[PDB]
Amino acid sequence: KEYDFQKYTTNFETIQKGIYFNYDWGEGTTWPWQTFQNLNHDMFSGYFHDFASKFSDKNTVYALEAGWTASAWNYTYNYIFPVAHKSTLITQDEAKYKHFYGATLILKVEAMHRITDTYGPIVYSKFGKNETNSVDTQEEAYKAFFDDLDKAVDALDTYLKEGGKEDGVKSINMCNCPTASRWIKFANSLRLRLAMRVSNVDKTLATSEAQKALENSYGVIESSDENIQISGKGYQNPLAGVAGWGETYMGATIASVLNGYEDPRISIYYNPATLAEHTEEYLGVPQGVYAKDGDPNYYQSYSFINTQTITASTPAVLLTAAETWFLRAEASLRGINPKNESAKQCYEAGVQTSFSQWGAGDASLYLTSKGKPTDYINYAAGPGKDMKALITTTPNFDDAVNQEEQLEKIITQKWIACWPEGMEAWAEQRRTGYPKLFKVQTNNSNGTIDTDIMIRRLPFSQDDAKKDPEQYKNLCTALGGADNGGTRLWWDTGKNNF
């Protein structure tokens, strides 16, 4: 039992700690995650912003910092993916570990879809195969993800049909999947996410994968008690770590939305500003206000994250029941939900589910409301400007003038519900155009990123390019455009196609 424990279980610990990355390879925690995600996706999503003016001449104004943007790639390929691959190799042919094989595959897709959604082309289907060209196009990576999820759900279903105990996954549960069936439900929900991601570029694939996701007999996540979220084995939530450094402020777009909707999640997510004369208001930091080291930290008294809500021991949310309902709402809106359920029913279930996750009460009154997001007013000192609210849609689903506005409601509410996880939020914003994030006030991208289109991706890792110039060339070829922040990823068509 102990030889097998060291053989299999430790790999699962590294992988699960390495998704919302806070894996300690020997040099500490928190600080890697800060560049992995917090100074990229979490800001670009509109959720969060730092206060330090020393950073305000970098990512916030689209002058992308090479060391920061490479981090998701570097940390994942250095420490996490090779372990997921090893775990695949040692379980795929093991008669008694079909469940661990299934779980490995699901975690591998969970980790790596976040990387392709950041950069585009990645190394995935050809990893460890020593082929001439190691690179998957994003389309090829997505197809490999769907294939891996098929293999996973097959393996776990076989494990159960052969008489494997539901709780045989107990020793590897750091993601709130205590049974084999719950891993399959995780896979089904993740497949639905990926299906909606590809719905604008490849409706045929989206349709077939959504059908598989929503007809699989093990179900999808419907209750917040089953949310996929990381905890255990000494894992600490790195968002709480960065909050402890004083660096996680509310973003202007989420302040606009939550204030205008009079959203009861507002005080759960954030605290009121400490700025004099504004101490009962929620104030969000506008992205792209230029400043540099030596300047005052103009936004230091804006609203901060709620550190009773987000603590070191708080599980790190990855995939929620609420999100799953909003995915079903979109599938219904697109006519590709095999279940007999409407977009409205799913939308309202998503909002109610999100309220319940956070303890915000019942959503019935909110779902009838006519609140509109509020304008951004620059109360801070410095060169910031006021901005008129770009989002005009209400929480009431019936107040849509067309189905594009219905999709906007679904995605905007999904964005509230995915908080604080900036990667899913940012990916969906790029994919759908929603929510309508405030644009950067200053764009120092040297023409590589368009203010109105907004940032589309992160550039490839130059640390990897220096190790492997041929691979960098291959990644660039697979991207089909310039390696900068303005090139659309494969799933980003620039419009919603029904």
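One rule holds for the numbers: they count along the sequence shown, beginning at 1.
- 41-49 and 439-447 differ in mean CA B-factor, and the higher of the two is recorded for 439-447.
- For the pair 268-276 and 320-328, the record assigns the higher mean C-alpha temperature factor to 268-276.
- Within the group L89, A425, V220, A195, the record's highest C-alpha temperature factor is found at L89.
- The entry assigns its greatest Cα B factor, within the set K98, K108, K409, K344, to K98.
- In this PDB entry, the Cα temperature factor of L475 sits in the middle third of its chain's modelled residues.
- The PDB entry assigns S231 a C-alpha temperature factor belonging to the highest third of its chain's modelled residues.
- When the CA B factors of the chain's modelled residues are split into thirds, the value for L489 lands in the lowest one.
- In the PDB entry, a CA B factor belonging to the lowest third of its chain's modelled residues is recorded for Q413.
- Split the chain's modelled residues into thirds by C-alpha temperature factor. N237 is in the lowest one.
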